[PDB]
Amino acid sequence: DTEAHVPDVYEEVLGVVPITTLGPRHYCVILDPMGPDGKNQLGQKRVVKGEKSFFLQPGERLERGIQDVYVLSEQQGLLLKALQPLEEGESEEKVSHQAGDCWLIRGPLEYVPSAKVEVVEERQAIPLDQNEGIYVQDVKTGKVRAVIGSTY
Amino acid sequence: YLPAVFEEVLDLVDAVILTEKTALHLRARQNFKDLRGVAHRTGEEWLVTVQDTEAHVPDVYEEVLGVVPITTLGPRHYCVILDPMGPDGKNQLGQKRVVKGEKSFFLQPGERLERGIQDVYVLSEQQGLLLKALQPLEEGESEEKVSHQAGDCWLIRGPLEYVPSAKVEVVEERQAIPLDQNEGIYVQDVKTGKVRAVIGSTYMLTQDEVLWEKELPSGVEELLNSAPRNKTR
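Chains as they are written, first to last, in the authors' numbering: chain OB, 255 to 406; chain PB, 204 to 428, 449 to 456.
Spelled out as structure tokens, the structure:
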């Protein structure tokens with residue numbers, strides 16, 4: 255609009271905001287962002303990622319700032335608890351996670367925790383060969399399986 | 204210049220020195236048109252080099268922010284430019300563009316190197332680059348043409364050179380292990396758990412392989428006949 259704005263007599267300068275830039279591996283959780291109406295939707299939080307760079311608009315604030323992107327390998331996971339239901343189109347999985355159903359996302363992918371979901375634990379894989387395993391208690395059904403053989 | 208009745212003479216501003224080694228990074232204080240005939244806004248930061256004017260006089264409409272030396276990439280070098288412009292001439296912040304191949308450019312206003320000019324990644328037949336794809340869709344990134352997903356650890360090995368794209372990230376070096384026949388390394392394929400005990404030719408761990416410990420029931424001193452055994456091979 256204007257690269258050199260003179261503080262008008264009708265304007266009081268509250269401050270100058272540096273540009274908040276998200277790297278190619280980064281996301282931020284904007285607390286209280288506007289919608290299209292230009293009005294602060296307080297309480298809400300919008301996860302923004304993808305090499306974007308914006309200005310912290312008046313009223314907006316970052317939840318915990320620019321932290322990192324969640325990166326998991328074949329041996330790494332993200333045990334997530336869906337603090338909001340209806341995770342239908344949130345990611346490519348297309349499975350509609352309900353409110354709070356703990357579900358483990360694993361594999362060669364990258365994750366950005368949406369406002370609905372929340373990370374619980376890291377869930378590092380355990381290496382197991384044949385005639386060796388880990389006593390696993392499926393706490394959803396109790397049954398201890400003692401899975402052996404391949405890694406689990 | 205004979206001053207007029209009204210001209211209060213200020214300091215004599217000299218033209219800054221612009222060789223191809225350097226570029227003058229300045230910010231315009233206000234709208235104007237430079238000597239070359241380019242409209243500039245009230246704070247747009249741009250670069251003037253030898254290609255436009257080899258000796259630029261700091262204009263009254265311009266404040267000199269500084270002079271930037273040319274950032275040159277050798278034949279074996281790459282740099283990760285944080286916040287580079289696209290074709291629009293507008294700083295695409297957050298992004299990072301890997302630049303290599305004997306190139307030499309100027310750090311444009313707003314741009315910055317991630318960790319500077321480090322080195323190119325060089326791996327021999329016994330060397331690898333265990334990479335984790337922090338972004339999915341590594342389809343046309345290199346000659347392999349295999350579309351690595353987001354974070355699938357994959358090992359690139361062989362007589363090649365690698366430049367880690369913005370999407371991918373290096374994890375470890377993965378030096379090869381020399382093995383002859385009747386000797387090997389206990390390899391646990393952590394993707395499937397199965398310990399294979401690969402012997403014979405030399406073997407070096409793939410994307411999903413870790414040395415697996417082999418415990419003996421105190422029956423080791425009777426087979427060795449001070450130095451602890453390598454209980455992983």
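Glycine included, each C-beta is placed from N, C-alpha and C at the ideal position.
For this session: Grab the span of the beta strand (DSSP E) containing PB:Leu-426 for me, first residue to last.
Result: Your numbering for residue 426 of chain PB matches position 223 in the second sequence. Not the beta strand (DSSP E): PB:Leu-426 falls in the alpha helix (DSSP H), residues 424-427.
Exercise. Does any C-beta atom of chain OB lie closer than 8 angstroms to the C-beta of PB:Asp-411?
Worked result: As a working mapping, residue 411 of chain PB is identified with position 208 in the second sequence. It does: the Cβ of PB:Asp-411 has a partner Cβ on chain OB nearer than 8 angstroms.
Exercise. For residue 439 of chain PB versus OB:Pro-362, is the C-beta distance shorter than 8 angstroms?
Worked result: Absent here is residue 439 of chain PB, because the residues of chain PB run from 428 on to 449 with nothing modelled in between.
For this session: Step through the CB atoms of chain PB and report whether any lies within less than 8 angstroms of the CB of OB:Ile-388.
Result: Here the question's residue 388 of chain OB lines up with position 134 in the first sequence. For OB:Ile-388, the answer is no, since every Cβ of chain PB falls outside 8 angstroms of its Cβ.
For this session: Look at OB:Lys-303 and OB:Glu-344 and say whether their C-beta atoms are less than 8 angstroms apart.
Result: Indexing the first sequence from 1 puts residue 303 of chain OB at position 49. Indexing the first sequence from 1 puts residue 344 of chain OB at position 90. Contact flag unset, no.
For this session: Report the three-state DSSP secondary structure of PB:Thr-245 (helix, strand or coil).
Result: Locating residue 245 of chain PB in the second sequence gives position 42, where the first residue counts as 1. Three-state DSSP puts PB:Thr-245 in coil, outside helix and strand.
For this session: Tell me, please, whether the stretch 331-341 of chain OB touches the stretch 324-343 of chain PB by the rule of three or more beta-carbon pairs shorter than 8 angstroms.
Result: no
For this session: Compute the Euclidean distance between the alpha carbons of PB:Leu-285 and PB:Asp-255, then round it to the nearest angstrom.
Result: Position 82 of the second sequence, counting from 1, holds the residue named residue 285 of chain PB. Position 52 of the second sequence, counting from 1, holds the residue named residue 255 of chain PB. Distance between the alpha carbons of PB:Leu-285 and PB:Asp-255: 25 angstroms.
Problem set entry | Nearest residue (CA-CA) to OB:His-259, options PB:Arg-239, PB:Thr-245, PB:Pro-287, PB:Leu-229 | Here residue 259 of chain OB corresponds to residue number 5 of the first sequence, with the count starting at 1. When each option's Cα is compared against that of OB:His-259, the closest is PB:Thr-245.
Exercise. Cα-Cα, which of OB:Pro-278, OB:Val-270, OB:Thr-405, OB:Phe-309 is closest to OB:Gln-321?
Worked result: The residue given as residue 321 of chain OB occupies position 67 in the first sequence. The candidate whose alpha carbon is nearest that of OB:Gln-321 is OB:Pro-278.
Exercise. Sorted by chain position, which residues of the same chain lie with C-beta nearer than 6 angstroms to OB:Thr-405's C-beta, five sequence neighbours on each side aside?
Worked result: Mapped onto the first sequence, residue 405 of chain OB falls at position 151. Cβ neighbours of OB:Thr-405 beyond the five flanking positions: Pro-381, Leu-382.
Exercise. Taking Cβ positions, are OB:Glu-305 and PB:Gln-311 nearer each other than 8 angstroms?
Worked result: Within the first sequence, residue 305 of chain OB is the residue found at index 51, counting from 1. Within the second sequence, residue 311 of chain PB is the residue found at index 108, counting from 1. No, they are not a contact pair.
Exercise. Can you tell me whether DSSP reads PB:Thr-409 as helix, strand or coil?
Worked result: Taking the first residue of the second sequence as 1, we reach residue 409 of chain PB at position 206. Correct three-state label for PB:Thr-409: coil.
Exercise. So which residues on chain PB does OB:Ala-379 lean against when the C-beta distance must stay under 8 angstroms?
Worked result: Taking the first sequence and counting its residues from 1, one reaches residue 379 of chain OB at position 125. Near OB:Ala-379 (Cβ distances below 8 angstroms), the residues of chain PB are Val-393.
Exercise. If we ignore side chains and look at the alpha-carbon of each, how far apart do PB:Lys-394 and OB:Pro-272 end up?
Worked result: Numbered from 1 along the second sequence, position 191 holds the residue referred to as residue 394 of chain PB. Numbered from 1 along the first sequence, position 18 holds the residue referred to as residue 272 of chain OB. The straight-line gap from Cα to Cα measures roughly 44 angstroms.
For this session: Starting from the C-beta of PB:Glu-412, find all residues in its chain whose C-beta is less than 6 angstroms away, skip the five residues before and the five after it, and write them out in chain order.
Result: For the purposes of this step, residue 412 of chain PB is taken as the residue at position 209 of the second sequence. Here the set comprises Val-390, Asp-392.
Problem set entry | Buried or exposed by the 16-neighbour rule on C-beta atoms within 10 Å, applied to PB:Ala-218 | In the second sequence, the residue the question calls residue 218 of chain PB occupies position 15. Exposed is the call here.
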